[PDB]
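Enquirer: Structure incoming, see below.
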Amino acid sequence: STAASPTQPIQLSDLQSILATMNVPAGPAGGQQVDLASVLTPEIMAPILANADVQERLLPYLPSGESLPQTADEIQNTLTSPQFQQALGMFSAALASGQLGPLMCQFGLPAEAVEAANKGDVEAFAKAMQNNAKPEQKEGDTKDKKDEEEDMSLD
């Protein structure tokens with residue numbers, strides 16, 4: 001007397017198909033926190049967490065109980081590691097949530113990082129930093145030309 005059934009249970013049915021996709025297949029946990037924490041050392045994310053916007057999102061992300069300073073000077077002369085380590089995890093949530101994308105652009109961070117941040121490719125984001133981690137050293141890092149022996153090679 002409707003179309004198929006009278007009244008079937010819903011909503012609570014979605015919370016079942018939504019977890020089926022995110023069953024967290026789990027993988028080589030060997031290095032998960034110390035990984036990103038090393039790619040985005042505090043000195044690298046100093047201003048990041050110094051941003052009220054970033055702090056306002058990271059603060060609530062906390063399991064309720066912890067907190068974060070305000071300025072960068074304090075972040076480097078205050079936090080010991082407990083909040084920072086968690087901050088790294090929360091950073092992935094905000095970055096993966098796609099809510100940090102906009103901010104990731106404010107700082108003017110590389111387009112590859114913002115592009116990954118907008119895509120939530122936390123993997124390509126940190127990768128961009130791991131690939132650009134090098135400030136600009138070239139005193140021995142420049143493999144442009146291979147050899148191009150425009151003449152009889154000597155051996």
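By order of appearance in the structure tokens: chains A, B, ..., then residues from 1 within every chain, and ligands from 1 in the order shown.
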Within 9 Å of range 80-90 of chain A, counting only C-alpha atoms, which residues show up once you throw out same-chain ones fewer than 6 positions away? Write them as a list in words, please.

Expert: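 Skipping anything fewer than 6 positions along the chain leaves residues 33, 34, 36, 37, 40, 42, 49, 57, 58, 59, 61, 62, 66, 67 and 68 of chain A.
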
Enquirer: Within 12 Å of residue 44 in chain A, counting only C-alpha atoms, which residues qualify if same-chain residues fewer than 6 places away don't, as a PyMOL selection string?

Expert: chain A and resi 36-38+50+72+75-76+88+109+126+129-130+133+135

Enquirer: Rank A:39, A:73, A:45, A:111 by their smallest atom-to-atom distance to residue 127 in chain A, using only C-alpha atoms, and report the top residue only.

Expert: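 Among the listed residues, A:39 lies closest to residue 127 in chain A.
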
Enquirer: Suppose you want the space between CA of residue 27 in chain A and CA of residue 125 in chain A; what is it in Å?

Expert: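 Answer for the CA of residue 27 in chain A to CA of residue 125 in chain A separation: 19.7 Å.
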
Enquirer: Quick one: residues within 8 Å of residue 100 in chain A, only C-alpha atoms, excluding same-chain residues fewer than 6 positions away - as a list in words?

Expert: residues 54, 94, 117 and 118 of chain A

Enquirer: May I have the selected residues written with N, CA and C atoms, as a compact mmCIF listing (two decimals), in the first residue's frame?

Expert:
# COMPACT_ATOMS: atom_id res chain seq x y z
N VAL A 54 44.09 27.50 12.86
CA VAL A 54 44.57 26.13 12.96
C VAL A 54 44.42 25.62 14.39
N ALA A 94 42.34 17.67 10.13
CA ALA A 94 41.94 18.94 9.54
C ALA A 94 42.39 19.00 8.09
N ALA A 117 46.45 19.07 -0.26
CA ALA A 117 45.65 19.43 0.90
C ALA A 117 44.19 19.60 0.49
N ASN A 118 43.99 20.14 -0.71
CA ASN A 118 42.64 20.34 -1.22
C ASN A 118 42.05 18.99 -1.61

Enquirer: Give me the residues within 10 Å of residue 96 in chain A as a PyMOL selection string, counting only C-alpha atoms and dropping any in the same chain fewer than 5 places off.

Expert: chain A and resi 90-91+101+116-123

Enquirer: Run DSSP on the backbone and grab whatever in range 18-69 of chain A lands in helix (DSSP H, G or I); send it over as a PDB file with C-alpha atoms, in the first residue's frame.

Expert:
ATOM      1  CA  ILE A  18      29.689   3.643   5.843  1.00  0.00           C
ATOM      2  CA  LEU A  19      32.055   1.613   8.030  1.00  0.00           C
ATOM      3  CA  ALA A  20      32.238  -1.196   5.474  1.00  0.00           C
ATOM      4  CA  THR A  21      34.225   1.145   3.233  1.00  0.00           C
ATOM      5  CA  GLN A  33      53.611   9.187  13.948  1.00  0.00           C
ATOM      6  CA  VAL A  34      57.386   9.575  13.913  1.00  0.00           C
ATOM      7  CA  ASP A  35      56.952   9.590  10.138  1.00  0.00           C
ATOM      8  CA  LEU A  36      54.938  12.759   9.607  1.00  0.00           C
ATOM      9  CA  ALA A  37      56.389  14.234  12.787  1.00  0.00           C
ATOM     10  CA  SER A  38      59.742  13.982  11.017  1.00  0.00           C
ATOM     11  CA  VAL A  39      58.469  15.330   7.699  1.00  0.00           C
ATOM     12  CA  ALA A  46      55.629  26.357  14.049  1.00  0.00           C
ATOM     13  CA  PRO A  47      53.576  29.149  12.380  1.00  0.00           C
ATOM     14  CA  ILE A  48      51.041  26.539  11.280  1.00  0.00           C
ATOM     15  CA  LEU A  49      49.946  25.765  14.827  1.00  0.00           C
ATOM     16  CA  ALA A  50      50.537  29.426  15.628  1.00  0.00           C
ATOM     17  CA  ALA A  52      44.463  30.866  15.599  1.00  0.00           C
ATOM     18  CA  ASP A  53      42.427  29.251  12.828  1.00  0.00           C
ATOM     19  CA  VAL A  54      44.573  26.130  12.960  1.00  0.00           C
ATOM     20  CA  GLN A  55      44.561  26.150  16.753  1.00  0.00           C
ATOM     21  CA  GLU A  56      40.808  26.672  16.921  1.00  0.00           C
ATOM     22  CA  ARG A  57      40.330  23.549  14.801  1.00  0.00           C
ATOM     23  CA  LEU A  58      43.072  21.509  16.450  1.00  0.00           C
ATOM     24  CA  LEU A  59      41.961  22.414  19.966  1.00  0.00           C
ATOM     25  CA  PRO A  60      38.469  20.823  19.562  1.00  0.00           C
ATOM     26  CA  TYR A  61      40.087  17.924  17.697  1.00  0.00           C
TER      27      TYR A  61
END

Enquirer: Check the smallest atom-to-atom distance from each of A:150, A:142, A:136, A:95 to residue 124 in chain A using only C-alpha atoms, then report the winner.

Expert: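 Selected residue with least distance to residue 124 in chain A: A:95.
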
Enquirer: One decimal, Å: what's the distance from CA of residue 22 in chain A over to CA of residue 92 in chain A, could you say?

Expert: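 It comes out at 16.2 Å.
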
Enquirer: Report, in Å with one decimal, the straight-line distance from CA of residue 131 in chain A to CA of residue 25 in chain A.

Expert: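 Between these atoms lies a distance of 27.4 Å.
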